[PDB]
């Protein structure tokens, strides 16, 4: 897939917001715009993008086997490179050029952890995770853990998570 500008990326996401769905035992189920979050370098507002990253919030655990493996995009040509329940990489046709669209799934209880992880950048995550690791924690896209056990934080948003973990909140574009 080719490289994209920030504006092209934003246009693609806007187009996708009303056109994503999945087939669930023969029933086409629309994915709601409020359950679609732009993540990756697009959310970080980088000028050129290697691809478009979208996080899909899935309301029930039982649906994970169905959402990405039966993804549908109304009116857009695409093919599937790799796909499972948690990551699906698509090549899409947009204005006669091919681009990479990366789809990820999070459960509702994972959402802020997923947003934080998929926003990156990678260097920033490594640093954050290394610091938490010194205190016997493990942070991933699913939660904060200690001794392989979920640490139940009383948080809803990404901003609350970042502050609860003991770090300075920064807007996605200023994370490093």
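Numbering follows the first chain given and starts at 1.
S.K.: Please compare 67-75 with 89-97 and say which has the higher mean C-alpha temperature factor in the record.
M.R.: It is 89-97.
S.K.: For the stretches 127-135 and 36-44, which has the higher mean C-alpha B-factor as given in the deposited record?
M.R.: Result of the comparison: 127-135.
S.K.: Lowest, middle or highest third: where is residue 148 by Cα B-factor in its chain?
M.R.: Tercile = middle for this residue's CA B-factor.
S.K.: Sorting the chain's modelled residues by C-alpha B-factor, tell me whether residue 53 ends up in the lowest, middle or highest third.
M.R.: As the PDB entry reports it, the C-alpha B-factor of residue 53 lands in the lowest third of its chain.
S.K.: Tell me, lowest, middle or highest third: where does the Cα B factor of residue 110 rank within its chain?
M.R.: According to the entry, residue 110 has a C-alpha B-factor in the chain's lowest third.
S.K.: Splitting the chain's C-alpha B-factors into thirds, which one does residue 165 fall into?
M.R.: Ranked within chain, residue 165 CA B lands in the highest tercile.
S.K.: In terms of the chain's CA B-factor thirds, is residue 13 lowest, middle or highest?
M.R.: Middle third of the chain for residue 13's C-alpha B-factor.
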